[PDB]
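Taking it in order: structure first as structure tokens, then the write-up.
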Amino acid sequence: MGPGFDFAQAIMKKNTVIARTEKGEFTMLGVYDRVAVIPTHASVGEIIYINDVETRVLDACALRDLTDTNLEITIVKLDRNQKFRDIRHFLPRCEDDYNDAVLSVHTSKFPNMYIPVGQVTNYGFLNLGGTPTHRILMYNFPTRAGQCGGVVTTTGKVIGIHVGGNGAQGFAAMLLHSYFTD
């Protein structure tokens, strides 16, 4: 409807796939080459389904900060025959707060879904399903089961992936440029 949704749509149409693990279907953001991200609670194994195609996982790393605290991001390298458009220049370099964000989801359950979530707070620490977690972004939207892996954007920036909620608020793990240096 406006330039927020325009940037979100541009990322969804070229840089997302549907990932299926034994723990469900997730929006999965492709970042560059055959490298993508997914919430760590998806429990990626040796094989994953990508748009319903059986795909070998070449590498998977659950990220933690230098306090050895969970970040809830898993970086996955996929044995896929095609590269993603490189979107690393849209990733923030530092932790920050944001205005006027969009959460975008694409699964079998929620195709072509875009949610204007509004102001995003650098929340920091969250006990997420019992697991101490750092670098959490918070927005005041009642997000639901099925939105995990959803991409959080502002105009010009890809800032996080949705990892949970409490029924009133939603929470995303930060994406930082430093996670994807090669």
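First residue shown is number 1, and so on along the chain.
The way this entry was determined, per its header, is X-ray crystallography, 1.4 Å.
Including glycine, each Cβ sits where the backbone N, Cα and C put it.
Listed in Swiss-Prot:
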- 2-180: domain 'Peptidase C3' (DOMAIN)
- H41: active site, for protease 3C activity (ACT_SITE)
- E72: active site, for protease 3C activity (ACT_SITE)
- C148: active site, for protease 3C activity (ACT_SITE)
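This view paints the features noted in Swiss-Prot onto the structure.
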residue : record                                : DSSP (3 states)
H41     : active site, for protease 3C activity : helix
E72     : active site, for protease 3C activity : strand
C148    : active site, for protease 3C activity : coil
Length of the line joining the Cα atoms of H41 (active site, for protease 3C activity) and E72 (active site, for protease 3C activity), in Å: 7
Rounded inter-Cα distance in Å - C148 (active site, for protease 3C activity), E72 (active site, for protease 3C activity): 11
Cβ-Cβ neighbours of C148 (active site, for protease 3C activity) (radius 10 Å): 25
